[PDB]
Amino acid sequence: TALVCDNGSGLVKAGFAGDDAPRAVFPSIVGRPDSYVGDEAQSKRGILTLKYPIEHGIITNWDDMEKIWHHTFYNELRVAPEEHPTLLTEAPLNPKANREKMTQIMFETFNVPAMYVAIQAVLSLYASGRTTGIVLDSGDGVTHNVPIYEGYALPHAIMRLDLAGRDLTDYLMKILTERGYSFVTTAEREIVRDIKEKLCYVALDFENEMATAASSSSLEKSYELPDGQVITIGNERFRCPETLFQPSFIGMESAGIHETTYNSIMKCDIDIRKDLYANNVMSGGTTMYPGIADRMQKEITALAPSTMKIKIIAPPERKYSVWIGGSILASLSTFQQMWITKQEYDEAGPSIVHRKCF
Amino acid sequence: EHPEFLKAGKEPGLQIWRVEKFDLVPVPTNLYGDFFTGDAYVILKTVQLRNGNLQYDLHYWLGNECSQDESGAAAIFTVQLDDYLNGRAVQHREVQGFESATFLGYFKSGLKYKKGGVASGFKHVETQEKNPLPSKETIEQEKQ
Ligand SMILES: Nc1ncnc2c1ncn2[C@@H]1O[C@H](COP(=O)(O)OP(=O)(O)OP(=O)(O)O)[C@@H](O)[C@H]1O
Ligand SMILES: [Ca+2]
Ligand SMILES: [Ca+2]
Ligand SMILES: [Ca+2]
């Protein structure tokens with residue numbers, strides 16, 4: 001049975017084609033004092049330093065990436081890779097040389113019988129039961145707007161924003177520090193990440209919410225640190241993710257995610273824009289904030305012509321939408337002849353990936 | 001190579017398939033227009049143009065209770081069929097209760113809904129998230 005591995009900046013999501021979710025989700029890290037990977041690197045981080053092989057969605061350390069994949073096959077999925085066709089995912093606009101490298105490592109290092117690479121955002125659109133739409137995919141490392149028509153991304157219209165989950169975590173840490181707290185270790189970043197995931201939300205109207213926080217204590221929440229100290233989080237709860245709409249909060253001159261969605265749509269043929277506005281699909285961990293869909297609906301409505309039908313689709317399972325799309329694709333009776341086989345690789349070499357995998 | 005792709009769009013008419021456990025299975029001709037609301041279907045309307053060419057409209061119809069594997073598969077099968085037809089099909093998403101007038105016009109005595117359908121192809125799994133938060137002791141270790 002086929003495997004599905006969705007490799008991200010922050011987390012690996014791995015499993016078997018045909019399952020409704022990944023079997024294992026673990027951090028994309030290698031830690032050294034001879035090395036540990038994933039969940040065990042995380043749990044032993046007291047005595048290790050960590051490296052992340054994927055930066056802003058792109059693999060930049062191939063030797064550590066091989067360790068991550070070994071850990072996925074042998075430690076998490078507990079399979080012999082030579083027995084299983086393997087579907088991997090990639091970022092939009094992934095460099096051509098990277099696609100060839102992934103292919104080469106799968107066949108020559110792990111001896112897979114067959115392999116395929118798919119674009120993450122496109123898998124997410126398929127998981128939502130659509131062939132046309134615009135995906136907002138935001139993880140730990142990178143954010144993209146990917147417009148898609150009749151199954152295929154429109155490359156000229158893709159927007160990439162280097163403002164994602166890790167930047168949000170660092171900013172929450174900055175402003176919580178301003179409130180009087182202190183988070184001096186890399187280990188404590190993981191705590192601030194947890195606060196972010198449990199207590200942050202996107203305000204429908206940012207300036208009104210600030211006024212509420214200033215005139216009442218009703219937005220304040222408590223959070224218990226590992227040493228038992230209970231701290232208070234106020235307007236930081238919604239100031240943190242407001243950064244997605246106002247990147248000037250962390251010094252970036254970029255447009256916020258509402259404006260890049262609009263800019264992306266405006267780069268496409270006027271005849272498909274209506275279908276794009278009606279099919280905005282959110283995927284990835286950083287789209288998980290309560291309130292984000294309602295905020296996006298409001299902001300896009302404000303930018304678009306006033307007769308446009310606007311719809312935001314934010315599935316509850318969207319942390320795993322990419323993975324689920326791959327599970328579905330890999331399971332289809334029609335997909336059997338679409339894999340790159342080991343024989344095809346032996347005859348053609350890694351460049352085969354550009355002809356078999358859009 | 002899939003047998004149903006070989007049959008798709010060869011002559012003018014209507015063809016309907018139902019998604020069944022990650023496969024595209026033809027609907028019996030006498031049941032055309034009776035859609036299970038627990039399922040997802042793919043419909044190809046082939047029209048003979050006066051210039052001798054065939055015109056193709058591909059609709060994927062999503063029942064209100066169809067499972068995620070079914071609606072995802074309907075969408076993907078639609079892309080693959082369109083590609084097999086040299087991109088020449090126009091794709092239409094049809095949701096129960098909101099179907100297009102041209103889709104509705106394919107069914108001369110009116111399309112009808114019935115409850116039920118084929119079971120999901122997904123196996124249900126319990127994801128293990130292995131990303132533990134640091135203890136007091138781990139944080140103290142990094143300080144030193
Ligand atoms: N409930 C939540 N609210 C806000 N952020 C969340 C939530 N859940 C997870 N996140 C954040 O989502 C990110 C991980 O998401 P995801 O697995 O989609 O990213 P990734 O694939 O590893 O990274 P990328 O796509 O950028 O390469 C982390 O920054 C995490 O803190
Ligand atoms: Ca990702
Ligand atoms: Ca069904
Ligand atoms: Ca087409």
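Residue numbering restarts at 1 for every chain, and letters A, B, ... go by the order of the sequence lines. Whatever order the structure lists ligands and atoms in, that order sets their numbers, starting from 1. Only this structure's heavy atoms are used, side chains among them; waters, hydrogens and symmetry mates stay out.
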Quick check: does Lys319(A) get an N/O under 3.5 Å from an N/O on ligand 1? no
Is the NZ or CZ atom of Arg295(A) both under 6.0 Å from the centre of the six-membered ring of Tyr289(A) and within 45° of that ring's axis? no
Any chance the side chains of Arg179(A) and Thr232(A) put a donor and an acceptor closer than 3.5 Å? no
Taking distance alone, with N or O pairs closer than 3.5 Å, would you say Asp140(A) contacts ligand 1? yes
Identify all side-chain donor-acceptor contacts of residues 245-254 of chain A below 3.5 Å with residues at least two apart in sequence or on another chain.
| unit_1 | atom_1 | unit_2 | atom_2 | d |
| --- | --- | --- | --- | --- |
| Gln246(A) | NE2 | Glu242(A) | OE2 | 2.9 |

Within 4.0 Å of some non-hydrogen atom of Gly141(A), the atoms of ligand 1 are 23 (O), 24 (P), 26 (O)
Looking just at side-chain N and O atoms, do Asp19(A) and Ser327(A) make a donor-acceptor pair shorter than 3.5 Å? no
Looking only at atom types and distance, does a side-chain atom of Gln15(B) sit under 3.5 Å from a main-chain N or O of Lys7(B), one as donor and one as acceptor? yes
State the atoms of ligand 1, each with its element, that fall below the 4.0 Å cut-off from a heavy-atom position in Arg193(A). 31 (O)
For the Ca ion (ligand 4), check which protein N, O or S atoms are under 3.0 Å away and list them. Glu150(A) OE1, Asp82(B) OD1, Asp82(B) OD2, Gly87(B) O, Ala89(B) O
Distance-only side-chain donor-acceptor flag, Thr46(B) / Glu11(B), under 3.5 Å: no
Residue portion contacting ligand 1 (non-hydrogen atoms closer than 4.0 Å) for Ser9(A): both
Can you tell me which residue and heavy atom of the protein come closest to atom 18 (O) of ligand 1, and the distance to 0.1 Å? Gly285(A) N, 3.0 Å
Closest to atom 17 (O) of ligand 1 (heavy atoms only, candidates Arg318(A), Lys13(A), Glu190(A)) is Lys13(A)
Indicate, with yes or no, if the rings of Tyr84(B) and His2(B) have centres closer together than 6.0 Å. no
When you measure from the side chain of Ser138(A) to the backbone N and O of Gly284(A), does any donor-acceptor pair fall under 3.5 Å? no
